[PDB]
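First the structure, in the form of structure tokens, and then the observations on it.
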Amino acid sequence: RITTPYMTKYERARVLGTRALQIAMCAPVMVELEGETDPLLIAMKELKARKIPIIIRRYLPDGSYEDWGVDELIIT
Amino acid sequence: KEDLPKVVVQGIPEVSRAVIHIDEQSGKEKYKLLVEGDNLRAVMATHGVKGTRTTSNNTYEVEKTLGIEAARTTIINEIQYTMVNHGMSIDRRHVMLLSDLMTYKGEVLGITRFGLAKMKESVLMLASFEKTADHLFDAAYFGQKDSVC
Amino acid sequence: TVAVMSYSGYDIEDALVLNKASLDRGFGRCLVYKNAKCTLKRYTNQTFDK
Amino acid sequence: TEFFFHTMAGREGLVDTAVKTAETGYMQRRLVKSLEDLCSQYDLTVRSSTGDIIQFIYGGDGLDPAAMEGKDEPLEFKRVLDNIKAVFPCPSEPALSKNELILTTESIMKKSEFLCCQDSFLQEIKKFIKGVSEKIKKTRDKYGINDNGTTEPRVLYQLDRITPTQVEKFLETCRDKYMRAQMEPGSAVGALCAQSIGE
Amino acid sequence: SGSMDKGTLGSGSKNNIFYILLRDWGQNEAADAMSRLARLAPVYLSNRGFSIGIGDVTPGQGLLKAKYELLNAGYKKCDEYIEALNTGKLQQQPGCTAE
Amino acid sequence: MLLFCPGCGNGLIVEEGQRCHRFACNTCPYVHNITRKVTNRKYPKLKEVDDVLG
Amino acid sequence: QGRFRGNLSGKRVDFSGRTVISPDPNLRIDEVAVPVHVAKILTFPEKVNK
Amino acid sequence: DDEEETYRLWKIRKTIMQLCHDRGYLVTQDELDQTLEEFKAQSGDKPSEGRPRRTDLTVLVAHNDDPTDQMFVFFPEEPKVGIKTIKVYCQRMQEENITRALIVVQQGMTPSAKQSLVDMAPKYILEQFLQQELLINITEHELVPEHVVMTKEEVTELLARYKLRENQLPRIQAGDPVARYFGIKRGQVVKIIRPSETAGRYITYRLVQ
Ligand SMILES: [Zn+2]
């Protein structure tokens, strides 16, 4: 709860990459795509709709961690 | 006769040449000393010199005389001045990070292979940068386990 | 016949615009000749490349 | 003779660039090989690969050099205020005096979302607000503008016109820009510094 | 008010209109504005015509007269300085020799 | 200064004999006693008083 | 040309091309034009999904 | 002489007073703010002034920590201090039961005397100081930031707030001029307040090692 509430660009890139890799491997879609044959476009649509089922696990340098939901974080 | 005229009678032996620079500000024209020497402690210790506001270009002398933080500040100021002399601007955070990396172990360590070896610990990077065989054989002798951090 | 002017913004940095009709009538037409060499040598034994 | 001297100067420039290419290439290689290990962690502390801390906070404040709008400053308050006034001109709200501006600024700044912001940025915001309030006071004293809002020439209110809506918009925009200009954790700050010094 | 130039549309430093668009309304708006500029400016530049000729760099009569007078004055002053240094005493600037 | 023996042409050094200081050569018994004062000035260049710049 | 500098830090990869550039203002700043010939050679592995 | 030497002595005494005040020892405001006229009143000539004895200081006690703790300042008259002078100073401190002492040399210390001073005794702490360095106060320099030695409680609070270890803090050598100015030992932490370009300040920390 102490880190920045804004979702960084690195987290955005990694979440979009993981979601595109999953969707390309026959993952279920939660935004009801309309003729999008590109998995990255579907991942971006899910991110904009805030329906990505991925929880970021931010690790502190000492060893502590904290979980942040994609819908919980702030996007730009 | 070969060295009698070459004896020092007054002044700092390390100091080779000092000139009187003047600033012509509209409020007042002030006088300062520009010394082409390598002895900051002696210049500060001389009578009539305001040692509280004396700087230098040699980072090693500043480190040895006024501490590591003064050396970091001198590095920052000198890098920024050298960059401005060419008309190109760099954000101060970059030079601050560079000075902090050079002055985080208490001693000003250079970017050369010696300073990089004194700072870093990873064997693979030391081998890949310079002195591959020497570093590899030294690591094999010490049996130093290298992580993948 | 070169005309020094800006046209269509396709000549921004050192680029130049060519005329299609000029190239169609032989302007700038070039020929590239390459060589392909092969050798049929006799070896020590009484046999040859054929 | 002039052509020969010009050719001499051109060849001098050419050899200077030829030496500079290799020299800066070697310098860039060394700087990147030395600085590639640093990274910005999530606790706002720049640490090396072995875990040792190089800086407790990057640049002393923690702002992104790529998102630096001003001359080594996060925001240019004058331009931001002008943009807020231009984008959201409220014609149905009266102007604010010096005391009213200071009061609304102190009321808005004490909210919860401004607590997590750094103290230096809040002090700079207070300084800019005090400066613009002094400017408005000087204008109203020069032109005899009354804070009651009953002056006959209303065009006098158009000299330095400010409304609490514009104040809130300016403060929220400054807070959002300061929050979005901070160092995003995980960035390879060392490599960026090496490149921005070598280039 | 004003005319666009490198100080406002170039990649020199801040105060660029594209930089303001990027910092105020996001990346997409700035990209769209740059695309519209790159699609608009060449069309108008081609429809208006912009050329350089030998007449655009030729000197005028007043320019030639001024250049001649300036060359004469400079050569006379240089000859005076040469004569002062070679024969006699020349005022030596501080921090340097007479040469 | 630099002095040479008229006999063989080698360099003369300054030594002390039994009566007075004398020039002598290391390769011949030639000597020369000093009668009056002998001096060799060099006139070194004076440190020119540097001026303030700016 | 050693292993570290020539084969570990920097190494050659496939699925890449090299071509001379020419200006084209009719394209967006985030877009780049690729020739048909190179596009037919550089392939992308797409996984069959629903 | 007799004009620059007394000025150097007065400035060295003022710098020593400032150092003792910064370290926490008890010094009155008159000793800190001492003009050249008062020093001339004490002694206005070089032969009248006594470097080995007239300038020694024994009233230096840590009033903040313990008045019983005593610190001494020496001013050897010879330019190079030998083994015999170090032994005399050590036996005098043994007589007066003083554990901390400072030695303000005039030109330097011989390598044998340096090595002996390094391993005199863990209880007898003696620091070598050149008069050339003491002619200017390092703390008053514009490049040198403000350094404050933190107590064990503050170090514990720092390590708890940042979840760090001692070895992870930035290092600073014991031979650093500021380190010898404050007389900090291995394991202590110093907070440094760098003045930023704006009105704010940058707070950093360094561990002596
Ligand atoms: Zn002879």
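Chains as they are written, first to last, in the UniProt record's numbering: chain Z, 51 to 126; chain A, 1193 to 1341; chain L, 740 to 789; chain P, 845 to 1043; chain D, 647 to 745; chain R, 1 to 54; chain E, 349 to 398; chain S, 2 to 210.
Where a beta carbon is used, it is the ideal one built from N, C-alpha and C, also for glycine.
Exercise. What do you get for residue 716(D), buried or exposed, if any count of 16 or more other CB atoms within 10 angstroms of its CB means buried?
Worked result: Classification for residue 716(D): exposed.
For this session: Between the Cα of residue 918(P) and those of 1003(P), 951(P), 966(P), 855(P), spot the shortest distance and give me the residue it belongs to.
Result: Here the closest residue by C-alpha is 966(P).
Problem set entry | Closer than 8 Å at the beta carbon, the chain E residues around residue 75(Z) | Taking a Cβ-Cβ cut-off of 8 Å, the neighbours of residue 75(Z) in chain E comprise 395, 397, given in sequence order.
For this session: Measure from the C-beta of residue 680(D) to each C-beta in chain E and report whether the shortest distance is under 7 Å.
Result: For residue 680(D), the answer is yes, since a Cβ of chain E falls inside 7 Å of its Cβ.
Problem set entry | Where residue 11(S) falls, given that 16 or more other Cβ within 10 Å makes a residue buried | So residue 11(S) counts as buried.
Exercise. Ligand 1: which residues have Cβ under 6 Å from any of its heavy atoms, chain order?
Worked result: Ordered along the chain, the selected set is 5(R), 7(R), 8(R), 10(R), 25(R), 27(R), 28(R), 30(R).
Problem set entry | CB contact flag (residue 1291(A), residue 1260(A), <7 Å) | Their beta carbons are not under 7 Å apart, which means residue 1291(A) does not touch residue 1260(A) by this criterion.
Exercise. What does a CB cutoff of less than 8 Å around residue 1297(A) pick up in its chain, not counting 5 residues either side in sequence?
Worked result: The answer, listed in chain order, is 1310, 1311.
For this session: Determine, using beta carbons only, whether residue 146(S) and residue 195(S) come nearer to each other than 7 Å.
Result: Going by C-beta atoms, residue 146(S) is nearer than 7 Å to residue 195(S).
Problem set entry | Beta-carbon contacts of residue 122(Z) that lie in its chain and below 8 Å, excluding the five residues immediately before and after | Contacts found: none.
For this session: Please report the residue range of the alpha helix (DSSP H) in which residue 926(P) lies.
Result: Segment 921-931, the alpha helix (DSSP H) holding residue 926(P).
Exercise. How many angstroms separate the CA atom of residue 86(S) from the CA atom of residue 76(S)?
Worked result: So the two alpha carbons sit approximately 11 Å from each other.
Problem set entry | Run of the beta strand (DSSP E) containing residue 119(Z), from where it starts to where it stops | Taken as a continuous stretch (DSSP letters only), the beta strand (DSSP E) holding residue 119(Z) covers 115-119.
For this session: Check the Cβ of residue 1199(A) against every Cβ in chain C and list those closer than 7 Å, keeping chain order.
Result: The structure shown contains no chain C; its protein chains are Z, A, L, P, D, R, E and S.
Exercise. Quick one: does residue 878(P) have its CB under 7 Å from some CB of chain A?
Worked result: So yes, residue 878(P) belongs to the interface.
For this session: Identify whether residue 1213(A) lies in helix, strand or coil by the three-state DSSP scheme.
Result: In this structure, residue 1213(A) counts as strand in the three-state DSSP scheme.
Exercise. Anyone know if the C-beta pair for residue 20(R) and residue 10(R) falls short of 7 Å?
Worked result: Using a Cβ distance threshold of 7 Å, residue 20(R) and residue 10(R) do not count as a contacting pair.
Exercise. So, helix, strand or coil for residue 102(S), using DSSP?
Worked result: It is a strand residue.
Problem set entry | the region 946-961 of chain P contacting the region 987-1002 of chain P, beta-carbon criterion three pairs below 8 Å | In short, these stretches do not touch, since the Cβ pair count stays below three.
For this session: List the whole-angstrom C-beta distance separating residue 888(P) from residue 901(P), where the pair is believed to meet the contact cut-off of C-beta under 8 Å.
Result: Right, their Cβ atoms sit about 5 Å apart.
Exercise. Where residue 367(E) and residue 387(E) are concerned, what is the direct C-alpha to C-alpha distance, given to the nearest angstrom?
Worked result: Cα to Cα, residue 367(E) sits roughly 12 Å from residue 387(E).
For this session: Check the Cβ-Cβ distances between residue 1223(A) and every residue of chain P, and say whether any is below 7 Å.
Result: Output row for residue 1223(A): interface = no.
Exercise. How far does the alpha helix (DSSP H) with residue 91(S) in it reach, from first residue to last?
Worked result: Segment 84-97, the alpha helix (DSSP H) holding residue 91(S).
Problem set entry | chain A residues whose Cβ lies nearer than 8 Å to that of residue 172(S) | Correct list: 1296, 1297, 1298.
Problem set entry | As assigned by DSSP and simplified to three states, the class of residue 984(P) | Note: residue 984(P) maps to helix in three-state DSSP.
For this session: Determine which residues of the region 37-70 of chain S have a Cβ less than 9 Å from any Cβ of chain P, and write them out in chain order.
Result: Answer set for the region 37-70 of chain S: empty.
Problem set entry | Helix, strand or coil at residue 126(Z) according to DSSP, with G and I counted as helix | Correct three-state label for residue 126(Z): coil.
Problem set entry | Nearest-angstrom Cβ-Cβ length linking residue 1033(P) and residue 1289(A), presumed shorter than 8 Å | In this structure, residue 1033(P) and residue 1289(A) form a Cβ contact; the two beta carbons are roughly 6 Å apart against a cut-off of 8 Å.
Exercise. Hey, would you say residue 884(P) sits closer than 7 Å to residue 890(P), going by beta carbons?
Worked result: Contact: yes.
For this session: Pair every Cβ in the region 82-96 of chain Z with every Cβ in the region 10-25 of chain S, then say whether three or more of these pairs are closer than 8 Å.
Result: Taking 8 Å as the limit for Cβ pairs, the verdict is that the region 10-25 of chain S does not touch the region 82-96 of chain Z.
Exercise. Contact check, residue 1239(A) vs residue 1226(A) under 8 Å by CB: the rounded distance?
Worked result: Rounded to whole angstroms, the Cβ separation of residue 1239(A) and residue 1226(A) is 18 Å, and the two are not in contact under 8 Å.
Exercise. Could you give the distance in angstroms between the alpha-carbon of residue 173(S) and the alpha-carbon of residue 906(P)?
Worked result: Taking the straight line joining both Cα atoms gives about 24 Å.
Exercise. Looking at chain P, which residues of the region 95-112 of chain S have a Cβ within less than 8 Å of any of its Cβ atoms?
Worked result: Taking 8 Å as the Cβ-Cβ cut-off against chain P, none of the residues of the region 95-112 of chain S qualify.
Problem set entry | Residue-level contact to chain A via CB, residue 936(P), 7 Å cutoff | Cβ-Cβ to chain A under 7 Å: no for residue 936(P).
Problem set entry | Neighbourhood of residue 672(D) by C-beta distance below 7 Å, restricted to the same chain and skipping five residues each side | None.
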